[PDB]
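Residues per chain, in single letters:
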Amino acid sequence: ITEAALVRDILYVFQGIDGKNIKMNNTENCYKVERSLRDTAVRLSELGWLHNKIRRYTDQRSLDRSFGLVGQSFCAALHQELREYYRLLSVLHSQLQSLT
Amino acid sequence: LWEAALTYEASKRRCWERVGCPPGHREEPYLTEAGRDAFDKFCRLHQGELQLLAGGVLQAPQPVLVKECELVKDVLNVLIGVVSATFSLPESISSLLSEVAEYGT
Amino acid sequence: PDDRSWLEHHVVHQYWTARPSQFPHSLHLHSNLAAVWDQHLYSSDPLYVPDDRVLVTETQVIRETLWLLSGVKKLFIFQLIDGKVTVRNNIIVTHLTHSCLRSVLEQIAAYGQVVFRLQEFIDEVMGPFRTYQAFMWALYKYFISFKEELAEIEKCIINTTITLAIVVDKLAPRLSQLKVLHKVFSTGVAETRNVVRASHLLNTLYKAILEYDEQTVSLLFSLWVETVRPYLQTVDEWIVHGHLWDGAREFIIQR
Amino acid sequence: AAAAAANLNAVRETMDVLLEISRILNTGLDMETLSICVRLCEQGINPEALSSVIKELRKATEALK
Amino acid sequence: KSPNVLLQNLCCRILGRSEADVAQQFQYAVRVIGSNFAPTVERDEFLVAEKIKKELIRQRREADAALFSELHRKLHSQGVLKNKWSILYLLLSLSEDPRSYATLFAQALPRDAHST
Amino acid sequence: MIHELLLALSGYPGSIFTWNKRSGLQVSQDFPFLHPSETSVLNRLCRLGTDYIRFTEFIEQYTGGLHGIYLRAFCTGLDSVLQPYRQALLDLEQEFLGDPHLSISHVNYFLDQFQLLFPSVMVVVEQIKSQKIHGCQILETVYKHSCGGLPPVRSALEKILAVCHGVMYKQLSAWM
């Protein structure tokens, strides 16, 4: 299969979102695809596997009001950083239709 | 040369049909809006329609003509009670003209 | 040629006339969502059978809506089918696929019926209560400035791009003031005698200011002063001139 | 034409992108010099060759000041 | 038109002097631009992109460096430029910081390991 | 494409997004022209529009059940907190006019700040409905969330608290 399908999927696992031919292998193990190009992709999907943990933590702890003011503020900072990451990701999505 | 030509007047409308080169084209002004060229077109058209509806024995060309000021000065001379350029003393101008000439007669 | 060339170039004519049209454009997802969605649906084999449509664009609908909200009734689009003005179904714009569109124009038509009824109330004075006469006067005072706002937006279709999200947020502080009129107009018709049918209406205003005691209140004030105007006169006539007055017993205090 | 004024729009688009890059780096060039440099770079030229000139002409207007 | 008088148009813009008021500078301009016209080094728009990013890091900006990538996208979407490498290498060379050793840092190749 | 989403995030879903009354704007429809996985990006985005739809329905009826002039003060500040979401919806359209390659990801990115204002006040409106708070004990429940823990909902509710006290200084002037 052509490279252009996998490039589209890899650009979605940066958000922490399963692609159409890339889905999560286990909750604590990096993504599995559903010679060198094949080897490269696991390194890039490591970023999404790491990002899932941090995002899932700062999602729930921001909204927990038995957690105290200190720390919901830590989640505010943690969230404020992840914005700047998707600033990269927006350009990365839009440049489809080099890119590798 | 390209930056010299580049300062051209460009429409501030951007298309809803084209995002690929939207320089606009316009929303194309209605007959209700434009009124000194489409006004002449409508005047000519209803004049020709009435001339057909009689047969061709009515015959009024020119939606305007001579001008506005010339006809007013003509009528100003009608109030002196002497000769002018349209009396010796749309096509609906004559109905307008009769009561303003009959002041001077 | 002569007039038809001027038509074909400078004037639109594609929804008013039952004459179908197609428009050529570059298309490319940002403005071809309707055709793309249509092809998706057709490939799934619905089984086609589409509705009759005549293809009107977006900006014509803007002028029709501004006409409806100014207070002129019976247009080509938003024509009544039950007594209530409702948008035509010959409409597809080349994006939005007319599902967002039917909902937004449906809410705007629901707005148009409320001002349609009030302009009808003013219409039935063109063809002795004295309080209705002072009521339509204030209604009229809202309508002239409101119609001016609508017509100004109509000018800016002639001379920049205008879209739906501009006209909705621009008419936000008028759709606030319209809800007041929907409540006030219901009490001037709910009522036998002319003095109870006037007092119920005039008491609604005196209560409705104190309900909210700030831009609806300036509206209520401007509607209050121009409706107590018959009564200041009739009470003053009874006080200083002594003698009692009848207007089919319009005045409140009979002796 | 009409499609020849759309290309005259698509060149103003580019010129605005280049005008943005010229200011976020805070260069010495202004918009009028830049319109000569785009014409030079369209032909195919060493950008190492023009920059040395521009480095001397800006110190040759300190030989005017 | 010819490239040589276009150089004099640049000379009218940067100097207060007109093109007819100076001929000592135009002599030097004919010396430098001639025989180094028409690219003689390897082109790469990618290195220019990463070095305009590297320069915006030196201004302590990370937001404007990812907006620069969208302008780099728009540059290709219009596609009327011939050498997109050259004009951006040129603006980067004439960049001035608003407020060592770098020849051991990545550059373009000379094409003296290759027939021209 | 550029106005379908900027009405769906508002109060008009269209056919791409099917409103469910429990929580709506549902999308899972596989896209050959975007992606199968773009629906997830959209589903993350739909969290905002659902909140905004509920807020507008809340403001529509006001200005047993709740009553009071305090409900004609809380919704009024809720108007002003959503106003930087309305200007930031105009600007997206203005950008989308010219740019030919932009996608949904720009919107999902650009309105990530409003994944902080909208949920943390959504829980407040649910709290004021499930327990019948309509009184001068509205001020307690807004003043404890003004302490907050997230900077948007810290500064939003202060503006609301001031306008509730503004009505409280017309009663206590007529009395005093």
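The rules we used
- Residues numbered from 1 in each chain as written, not as in the entry; some residues may be left out.
- Chains lettered and ligands numbered in written order.
- Part of a larger assembly, values for the part shown.
- Heavy atoms only, no water.
- Helix = DSSP H or I, 4+ residues; strand = E, 2+ residues; numbered from the N terminus.
- Buried < 20%, exposed > 50% of the residue type's maximum accessible area, 1.4 Å probe, protein only.
- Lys, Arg positive; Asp, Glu negative; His and termini not counted.
- Charge placed at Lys NZ, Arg CZ, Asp CG, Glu CD.
- Rg over C-alpha atoms; globule rule 2.2 N^0.38 Å.
- Salt bridge = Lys/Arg side-chain N within 4 Å of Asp/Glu carboxyl O.
- Core = buried A, V, L, I, M, F, W, Y, C linked by side-chain atoms within 4.5 Å.
- Contact = heavy atoms within 4.5 Å.
- Expected span 1.5 Å × (residues − 1).
- Buried area = accessible area lost by both parts, 1.4 Å probe.
- Polar contact = N/O pair within 3.5 Å; in protein donor to acceptor, adjacent residues only side chain to side chain.
- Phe/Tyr/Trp six-rings, centres within 6.5 Å; stacked < 30°, edge-to-face > 60°.
- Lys NZ or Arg CZ within 6 Å of the ring centre and 35° of its normal.
- Patch = residues over 30% accessible without salt bridge, like charges linked within 9 Å, V, L, I, M, F, W, Y side chains within 5 Å.
- Areas by Shrake-Rupley, 256 points an atom, 1.4 Å probe, with all protein chains shown as cover.
- Axes fitted to C-alpha atoms, helices over the stretch in contact; angles between N-to-C directions.
- Left-handed = near helix turned anticlockwise from the far one by under 90°.
- Nonpolar A, V, L, I, M, F, W, Y, C, P; charged D, E, K, R; others polar.
- Parallel < 35°, antiparallel > 145°, perpendicular 65-115°, else oblique.
- Disulfide = S-S within 2.5 Å.
- Bend = angle between axes of the 7 residues up to and from the residue.

Let us look at the overall build of chain F. Along the backbone of chain F there are eight helices and zero strands. Scanning chain F from its N terminus toward the C terminus, one meets helices and strands in the order α-α-α-α-α-α-α-α. Over its C-alpha atoms, taken along the principal directions, chain F stretches across nearly 70 × 35 × 30 Å. The buried share of chain F, reckoned over its 176 residues, is 53%. When the 13 positive and 15 negative side-chain charges of chain F are each reduced to one mean point, those points stand 13 Å apart.

In this section: the overall build of chain B. Each helix and strand counted, chain B has four helices and zero strands in total. The N-to-C order of helical and strand elements in chain B reads α-α-α-α. By the compact-globule yardstick of 13 Å for 105 residues, chain B is too spread out, its C-alpha radius of gyration being 23 Å. With the C-alpha coordinates aligned to their principal axes, the bounding extent of chain B is approximately 65 × 40 × 20 Å. Within chain B, the fraction of its 105 residues that count as buried is 23%.

Inspection of every chain in the model, using the stated rule, returns 29 salt bridges over all chains. In this structure, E211 of chain C engages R72 of chain F in a salt bridge whose closest nitrogen and oxygen atoms are separated by 3.4 Å. Of this pair, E211 of chain C sits in helix α8 (residues 194-211) while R72 of chain F sits in helix α3 (residues 71-81), on two different chains. Across the pair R111 of chain E and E42 of chain E runs a salt bridge whose closest N-O atoms are separated by 3.3 Å. Of the residues examined, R111 of chain E reaches a relative accessible area of 27% and is grouped as partly exposed. Salt bridges linked by common partners bring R13, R26 and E27 of chain B together as one network.

Soluble globular proteins: nonpolar side chains tend toward being buried together. One finds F17, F55 and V107 of chain F to be the most contacted residues of the largest nonpolar core, which totals 65 residues. Among the elements that line this core, the one with the most residues is helix α2 (residues 38-61) of chain F, at nine residues. Those residues within four positions of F55 of chain F in sequence are excluded, and the remaining contacts are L78, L82, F118, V121, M122 and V125 of chain F. The next biggest cluster of nonpolar side chains, apart from the first, holds 60 residues, and it includes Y30 of chain B together with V87, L205 and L223 of chain C.

Looking now at the arrangement of the chains. Contacts are most numerous between chains D and E, considering all nine pairs of chains that are in contact. Without any contact between them, chain A and chain B keep their closest C-alpha atoms 14 Å apart.

All right, on to the side chain of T58 of chain A then. Residue and element names in this part refer to chain A. Mapped onto the elements, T58 comes out in helix α2 (residues 36-62). Residue classification places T58 among the buried positions, given a relative accessible area of 0%. Leave out the neighbours within four places in its chain, and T58 touches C75, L78, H79 and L82.

On to unusual backbone geometry. The step from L65 of chain B to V66 of chain B runs through a cis peptide bond, and the omega angle for that step is 25°. When you line up the elements, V66 of chain B lands in the loop between α2 (38-54) and α3 (69-78). A positive phi angle, near 50°, is found at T63 of chain F, a position not held by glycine. Structurally, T63 of chain F can be placed in the loop between α2 and α3.

Here the focus is helix α3 (residues 58-70) of chain C. Residue and element names in this part refer to chain C. With 13 residues, α3 should reach 18 Å at 1.5 Å per residue; the first-to-last C-alpha distance of 19 Å fits that figure. Listed as buried for α3 are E58, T59, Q60, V61, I62, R63, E64, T65, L66, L68, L69 and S70. Along its buried surface, α3 packs onto β2 (85-86), α4 (100-126), α5 (131-155) and α6 (164-170).

This brings us to the interface of chain E and chain D. Taken together, the contacts link 47 residues of chain E with 40 residues of chain D. Both faces combined, the contact of chain E with chain D buries some 4200 Å², and carbon together with sulfur accounts for 73% of it. Looking only at chain E, the three residues that lose the most surface to chain D are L10, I14 and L94 of chain E, adding up to 15% of its buried area. We note a salt bridge from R13 of chain E to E32 of chain D, for which the minimum N-O separation is 3.7 Å. Linking chain E with chain D are six residue pairs in polar contact. Elements supplying a minimum of two residues to the side of chain E that touches chain D: α1 (3-14), α2 (24-33), α3 (45-58), α4 (63-78) and α5 (84-93) of chain E.

Bringing the packing of aromatic side chains into the picture now. Given two aromatic rings, their pairing is described by the distance between the two centres and the angle made by the two planes. The final tally for this structure, using the stated rule, is 22 aromatic pairs over all chains. Geometrically, the ring pair formed by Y85 of chain A and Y86 of chain A is tilted, given 5.9 Å between the ring centres and 55° between the ring planes. By relative accessible area, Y85 of chain A is classed as partly exposed at 22%. Through a chain of ring-to-ring contacts, three or more aromatic side chains come together here, namely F121, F129, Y132, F135 and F185 of chain C. Over the aromatic face of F39 of chain B sits the side chain of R36 of chain B, whose NZ or CZ is 5.3 Å from the ring centroid. When the ring centre of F116 of chain C is taken as origin, the NZ or CZ atom of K73 of chain C, which lies over that ring, is 5.4 Å away.

Relative to the assigned elements, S86 of chain E resides in helix α5. Polar side-chain contacts of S86 of chain E include one of 3.0 Å to the backbone oxygen of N83 of chain E. Residues contacting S86 of chain E, with those up to four places away along its chain left out, are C41, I45 and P47 of chain D.

Together, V72, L76, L79 and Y103 of chain B give the surface a local cluster of nonpolar side chains, amounting to about 410 Å² of exposed area. Tracing the sequence through the fold places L79 of chain B in the loop between α3 and α4 (93-101).

All names here are of chain F. Between α3 and helix α8 (residues 151-174), the shortest axis-to-axis distance is 9 Å and the interhelical angle comes to 145°. In this structure, the crossing between α3 and α8 has a hand that is right-handed. Contacts between α3 and α8 pair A73, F74, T76, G77, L78, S80 and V81 from the former with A156, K159, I160, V163 and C164 from the latter. The residue inventory of the contact of α3 with α8, partitioned by class, reads eight nonpolar, three polar and one charged.

Let us look at the packing of α2 of chain F against α3 of chain F. Residue and element names in this part refer to chain F. Put simply, α2 and α3 touch, their axes get as near as 10 Å, and they point 140° apart. The orientation of α2 with respect to α3, classified from their angle, is oblique. Here α2 runs over α3; the crossing is left-handed. Of the residues in α3, those touching α2 at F55, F58 and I59 are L71, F74, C75, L78 and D79. Along the lines of polarity and charge, the residues of the contact of α2 with α3 split into seven nonpolar, no polar and one charged.

Residues and elements named next belong to chain F. Here the structure, examined in full by the defined rule, presents zero disulfides over all chains. Here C136 is not disulfide-linked; the sulfur of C164 is the nearest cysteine sulfur, at 9.6 Å. Given the relative accessible area of 48%, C136 is considered partly exposed. With no disulfide partner, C164 has as its closest neighbouring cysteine sulfur the one in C75, 9.6 Å distant. The exposure class of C164 is buried, given its relative accessible area of 1%.

When you line up the elements, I21 of chain D lands in helix α1 (residues 3-24). Assessed through its relative accessible area of 2%, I21 of chain D is described here as buried.

What follows is about α2 of chain F. Residue and element names in this part refer to chain F. Taking 1.5 Å per residue, 24 residues should reach 34 Å; α2 reaches 36 Å between its end C-alpha atoms and fits that length. The axis of α2 is deflected most strongly, by about 30°, at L45. Judged by how many residues are buried, α2 sits mostly within the fold: 17 of 24 residues are covered.

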